[PDB]
Structures are given as structure tokens and as C-alpha cells.
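First comes the structure, then the notes that go with it.
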Amino acid sequence: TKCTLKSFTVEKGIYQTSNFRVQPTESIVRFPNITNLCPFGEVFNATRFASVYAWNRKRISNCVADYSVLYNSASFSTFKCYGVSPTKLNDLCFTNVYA
Amino acid sequence: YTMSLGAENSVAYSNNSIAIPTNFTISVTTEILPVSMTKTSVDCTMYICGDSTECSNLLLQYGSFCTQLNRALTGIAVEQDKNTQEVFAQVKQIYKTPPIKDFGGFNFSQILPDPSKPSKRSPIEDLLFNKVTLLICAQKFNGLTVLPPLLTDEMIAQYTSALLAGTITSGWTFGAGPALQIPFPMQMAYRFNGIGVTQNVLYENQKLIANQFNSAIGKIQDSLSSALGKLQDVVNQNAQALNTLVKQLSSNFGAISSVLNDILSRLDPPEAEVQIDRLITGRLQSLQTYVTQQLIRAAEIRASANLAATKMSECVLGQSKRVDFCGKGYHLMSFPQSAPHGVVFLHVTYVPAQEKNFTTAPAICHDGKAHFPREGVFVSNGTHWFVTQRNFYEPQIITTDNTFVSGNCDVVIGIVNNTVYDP
Amino acid sequence: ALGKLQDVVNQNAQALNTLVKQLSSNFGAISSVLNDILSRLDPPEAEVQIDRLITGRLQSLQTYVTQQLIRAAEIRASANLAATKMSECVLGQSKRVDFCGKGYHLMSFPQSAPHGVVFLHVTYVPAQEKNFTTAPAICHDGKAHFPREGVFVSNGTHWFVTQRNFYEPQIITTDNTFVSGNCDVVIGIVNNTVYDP
Amino acid sequence: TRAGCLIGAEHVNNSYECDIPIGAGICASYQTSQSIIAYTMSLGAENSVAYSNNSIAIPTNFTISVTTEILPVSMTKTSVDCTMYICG
Amino acid sequence: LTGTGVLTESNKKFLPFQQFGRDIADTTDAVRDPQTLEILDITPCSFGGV
């Protein structure tokens, strides 16, 4: 009361302090698990690529996505992710991955 | 259509023409006044932030704003508590109705509370509470709590029944000192005597005034049960302001999302601080607009509660000679009723009904001496010259203690020659 | 006490203290001092810091103007009440019930107050009580007599006329009553003689 | 109760004058060895007026009573300049 | 989607193409499990004032 009123001689009455809240202890994490793995080897290293006007389209779904394998295969020049953190891909769920 | 302004009549004015009433009505009229409203309190943490830590970190440079808004809502809540305590406490003493219900023909049964009901209200208070209809946990999970009022509805009805028992047994002595008992025909005759109507007018037709009062209370009973828009729009405005605050959470305000956990699920705080601070600015602007609207509404309900406390102290605790303040007509007494977040009065007014056209003279001439009336008017029925009071036609003959002399007769442009009886 | 004069000064002084303490906030800037911001930054990148402090201090100032105007309306309403109470309670005697004190109002004295006024209402309060057996009319010999400005009371043996706010027992004469009709039209009436001197 | 969950206060069956208002017809006070009590408030004296068809009460003495009533009239006249407030 | 609250049982079945639930103040108050396929109600444990 002295903290929320900022005096040391508190007059009688009704005063409001912070409310009674309950701290959670556990976290329950619900993802569907997939045995299959998304293609990255022949996607990031193929034998022949097309031009820029006829760009190659690939659909990636029904698999578990992971970016750990890209850090040991080859040294990329630019790795830029806009609109989302690159370290928070595993904390979300991917929806409609297109290459 | 072009709107009309009522009936279109001319008063048939002459220089010697007087309309004295002969018969009359006793009409009780109602008046609806808000007193208080719902005491809501908004905390900033659950409203703006919720259960977020960096939001409470970033809100500390807007913390005196939230101290100011909590100060404003607590001041509004104690102001409406002071408003309800100021309106429904004019006596410090609770008076009760005697079990004998002989009031001189007056039926006080549907404004006094019924002990057979589980609640302690009158039936007019019952069907007046039933007309105003007052999502709760969904608002309270957001941080929008509603404080309960200080005086409960049983306590407001108990104060109302105390004021009613004081108005019936004492009338106006209990509002100006100790309660002096007086029977109700002499009390209602004193309310006539405060106008200018003599007491014998009531004492000769007491059953007619009692039947007019009981039929008029019955007409108020049938009129209210078949509105209360002075109390309904206050609850509608307050509930619409709270629903405006509820739909002032889905606004993005120029950010990518309106949910803070949705923002934290996809952004790091170096690229999230500007969007969360934009959401702080938008939600604090919404809350500042709500506090400004609630303060203007609290000033309006405070002015209406000051008017209601003035009307209770001047119409309930006494007879007011202020015209069109306690009803439409010459005011006799008023009866307060409890209401959901307000007060309802029942202003009983003397209203004259019939009228006849009379030839008059401001003074008469008996023996070269102008006789002016003490408290009445000279009228004529064509041949005979009579003195009557200003609200009923009582044929009284001209006698020298009913008039007073002033000078000679050739100073008044309108004067007649008529013999005083001089007994 | 004098709490209605103290709460106004407390609200105004603490609102000025709120305006003083609102200058220390950053509002989303690197510092709350314009001298510190202009000392550590060039003008072509400090405009967002100065503009954000202008936005925060401006919003706090308009908040102060809003509460000060609402409190100005409240003190204007209370002072219009005070001016009406001086012009009616002090100048003149008011018959308005519970407007110039508790009781029948006689006169009032204003006193000067710091940012206010204090009235000293002098009110008639009646004291003590005696129960009397009363009647609204008396009957002498077939004529119903009604009191002019008082009430009929009785101590048990004789019938007297007295006024309604003080008890002086007077002999019921034909000078202080008036006749209206015959006796069998009033439900409460007594057969009591008039001396007729 | 309806105002909420109150701890650190003893409920009493008596009713006193409201000292510290709580809500829903409940007020708290300090005087009950001495601890915070909670009670339903009183509204005044419980009595009835002796009414009858022919009984009136006429006062015999009186008390001239002087009461006080305090109303605010003015407040402090403050002025704010932006060039000295926001700026410097 | 991360949130805080108390997971209680429900009786309002969703649709086979629906997964999500939302109310008048855009808070998630009903949810679909990805494996159990059971409707669960979210009630916050933050209810009270001091």
C-alpha cells in the first residue's frame, strides 16, 4: 500500500494493488510427428538448374523441416529471412512451403 | 409533415372577465431521474499487456498514465457511491408504517412495500425493476471488472420506505426536525392550505379526493406495466462503451498482429519492440478515450443526481411552491421510488379541471369607501355580487371582515356599487 | 472538517506533480533529457527521439488539460450552487426544504474561505413533543367551524386552538375560526362550544 | 461475500455506522483485543411513529441550531507554456 | 501458437475441416488437438482483483 501510494503515513480507506495471478509451471507442446524428411540435398545441390524467367517450383509438405543440415554442407553467401526470426523456425509450424 | 405545436386556442380575454374553477382533479405524475451507474474499473496490465513481461517492462515509461487512469476510475466509483448516498439518505432515522391502514380513505397499498414478497419492495418498484433489463466472465478475463455498489437494492428500498413512512405519518416535519405525527386528511388539507385552497374544501369532499388519488395511482400502475428510457440509455451507453473497449483489441494499429503472443511467436524483440510499442500507443489511446467519455458521463450523472437530491429534499420532505419543479400543477406531495441506478418520483399535483366565466370588479363601493378583498376575488353571477377564493367557486356574501377598506371610490377605474351586508 | 476545500487543492497540486513526473519518462526514447539527446546525437538521426518525446509530453499535457477542464466544470457547478445559496439563503429567507440547512431556515452567514465559501445557516429546529387528541373541525350548534391558520388540540378536558409549530393554547373563538357549511359533511368532527364574547 | 473474499477481518452479528466502505452493504472498522471487524451497515434508528386517526404532535420548546456547510468556489489559476514545458 | 490458461473438457464439437476457435475479443477459447482430435476449452487462470 505504501509502495502503490508513495507515502509512509497511509490514511484509512480503500486502495488497489496488483491482482492475484497464478504462475504456470509446465508447458505442453502439441505437434503432429512425421517420420518422413523434407528434401534439402537435391534442392540445395542439384545437377542442373533452370533460368530466372522459367523458375523451378517445388512444393514441400508432410515432412519435418530442419535447417541444421545447411550449416555443414556448403558455405552460403547470403542467408536472409524477412518477417520471421531465423532461430524461431522450430518454435512455429510451417504452412505452404514453396521453393 | 411540418410538425404542429399542439392545440390552437385563444383565451377570451376581457377587462372584467374571470375564470374560477368549480371542480378539480388530483393527478399524480411520474418523473424518471438517474442517480448512479455501473462502477467499472479498468486495470492497464490485463487490458493492454495481459500476461506479458516485456509489455510490463515497456509500460513503465507510461506508468503515471495508468496511475492517472486508475485514479480516475476510482474517483468515478466513489463519486457514484457519494451520489447514491446523497440521494437516498435525507433522514438518519428509519421510519415504519403502522399496521393500522385507516388513512382517511386514502389507499396506501401499492407504494408501500409488501411483506408477503421475498423482496422488500412495493409492486410499483417490482414492475419498475422488471422493466429495465441489465459476457460477464468474457469481459472480466480481459481485465474489465465491475465493482458492486455500496448501498444494495434492499438498502435503497429500506431508505425509500423510511422516507415514505415519514411522508405519510409526518409529511414535512420529519424533514426539518423530529417526526411529528399528524393524520393524513389534515396533512393533505395542509398541503391544500400551502397553495391557497382552504381546508374546508378538502373536508367537504374527502372521499372524492381519496378516490381520485387511488384511481390515479391505479392509472400509474396500469400505465407503467404496459417508459423508463431515462434509466435505459445510461446502461446502454455504459455497456456500449465497454463493448467498444472489447472490440478495441482486434485492431492491428499498423502492426502485423493484434495478439501479443502471436507477435512473440514470430518475432525477435529487436524487430518486435516498435510494433509492440505501436500497440501500446493504440491501446492507451483507446483507454484515454474511454476515460474521457466516462468522465463526461460521470459529470452528467452527477448533475442529474444533484437534481435528484434537490428534488427529493424539496418535493418529498416538503411542499414546494416552485412551479413545474415537482410535477405539472400546484404541488401537494411527492413519493420516491427505488429504481435500477436511479430514482422515480410520483408527484401528486393539484390541477383544476372545470371553469366558468365570471364578471368581476377589483373593488366595490359601499358608502364612498372602496372595499378590497383580503384573500379572494369579487365575482358575479349576473345579479348578485359574491366573493370567492382563487381556485374554487364558494359563494360567500360581501361581509366587512372578508374585505378591507382603502380610501374613497373615485381613484379606481374599475369599481362597482354593491352593498356590503355589514352584519 | 474542511475536506471539500482540501481535496481541490490536493487534486490540483497532485496533478501538477503528475505533470512534473511526466517529464522524467522516456516514452520509447534513449533518454528523457533533450540536452542529453542533442549531446549524444547529430540532428539528422535525433528527430525520431525528439518527436517521440514531443508526442509523449504532448499526450500528458492534453491529459492534464482534459482533467483540468472537467474539474473546472465541477468547480463551476459547485460555485453556481454557492452563488445561488448566497443569493437565496443569505439575501432573503428561503422556504426551500433542506437547501439552507437542516430545519426551517431563518438566515445564513457566509464566511470567507481559501478558494471557497463557508455558510453558517441558522435553522429553526423544533424540540419536545406532547400528544394531543385533535379534530379537523368543531360543531357549535349545527355550523362547522374550521381553523384559520392553526390546528385544534385538546388536553383531554377542553378543546383549544394552537398553531402547528409551537404550542400556545388559545380559547376557540369565532374570530380565529371560519364557518363553512353544516357539520354532517366532515367525517371527523366534535361538538364543542364557542364562548362568543 | 458478494463484494469478495475478505481475509484479516472478523464478522460480527451487530450493525454499526459505516466507517470504511467495502461494497454490497458491508463496511469495515477498527474498534471491536482490538482487530478489524466486518459488518453489514446500519441505516439509523429502528422505530415507528405513533400514528392515529386523531393524534397530533405539537412542539412546546425549540432549539435554534447553527449548522455549517462548506462549498468550493475557486481553484488555483495555473498556466502552462509549451516552449518551457516540452522544450527548453 | 503459445498461450496460458486452464485446459478443460468441452461439449461443443467442431467441424472436420475446422481446427481453430476464437471469440468476441479474439482470444483462443477452444482448440483442436492434432493427435487425440478432442475439443478442449481454454479458460485463463487470471481471474481476480486485490
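Ordering of the C-alpha cells sets the chain letters (A, B, ...); residue numbers start at 1 within each chain; ligands are numbered from 1 in the order shown.
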
Would you tabulate, counting only C-alpha atoms, all residues of chain A that have an atom at most 10 Å from an atom of chain B, showing the closest pair of atoms and their distance in Å to one decimal, sorted by chain then ascending number, as a tab-separated table?
residue	atom	partner	partner_atom	distance
A:4	CA	B:67	CA	9.1
A:5	CA	B:67	CA	9.7
A:14	CA	B:74	CA	9.5
A:15	CA	B:74	CA	8.9
A:16	CA	B:70	CA	8.7
A:18	CA	B:43	CA	9.1
A:19	CA	B:43	CA	9.3
A:21	CA	B:51	CA	9.2
A:23	CA	B:51	CA	9.8
A:83	CA	B:267	CA	7.5
A:84	CA	B:266	CA	5.3
A:85	CA	B:267	CA	5.7
A:86	CA	B:268	CA	9.3
A:87	CA	B:268	CA	8.9
A:88	CA	B:266	CA	6.9
A:89	CA	B:266	CA	8.3
A:91	CA	B:265	CA	7.4
A:92	CA	B:265	CA	7.0

Determine, using only C-alpha atoms, which residues of chain C have any atom at most 6 Å from an atom of chain D, and tabulate each with its shortest atom pair and distance in Å to one decimal place, rows ordered by chain and then rising number, as a tab-separated table.
residue	atom	partner	partner_atom	distance
C:5	CA	D:72	CA	5.7
C:79	CA	D:73	CA	4.6
C:115	CA	D:74	CA	4.7
C:116	CA	D:72	CA	3.9
C:117	CA	D:71	CA	5.5
C:118	CA	D:70	CA	4.5
C:119	CA	D:69	CA	5.4
C:120	CA	D:68	CA	4.8
C:121	CA	D:67	CA	5.3
C:122	CA	D:66	CA	4.5
C:123	CA	D:65	CA	5.5
C:124	CA	D:64	CA	5.2
C:125	CA	D:63	CA	5.3
C:126	CA	D:62	CA	4.2
C:127	CA	D:62	CA	4.3
C:128	CA	D:59	CA	5.5
C:129	CA	D:59	CA	5.0
C:130	CA	D:57	CA	5.6
C:131	CA	D:57	CA	4.9
C:132	CA	D:56	CA	5.5
C:133	CA	D:55	CA	5.0
C:134	CA	D:54	CA	5.1
C:166	CA	D:59	CA	5.2
C:167	CA	D:60	CA	5.1

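Comparing C:24, C:84, C:59, C:180 by their smallest distance to residue 284 in chain B, the closest is C:59 (using only C-alpha atoms).
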
- Please report as a ChimeraX atom specification which residues of chain E come no farther than 12 Å from chain D, using only C-alpha atoms. /E:48-50

- Pick out the chain E residues within 10 Å of chain A. Count only C-alpha atoms. Give them as a ChimeraX atom specification. /E:1-6,32-35,44-50
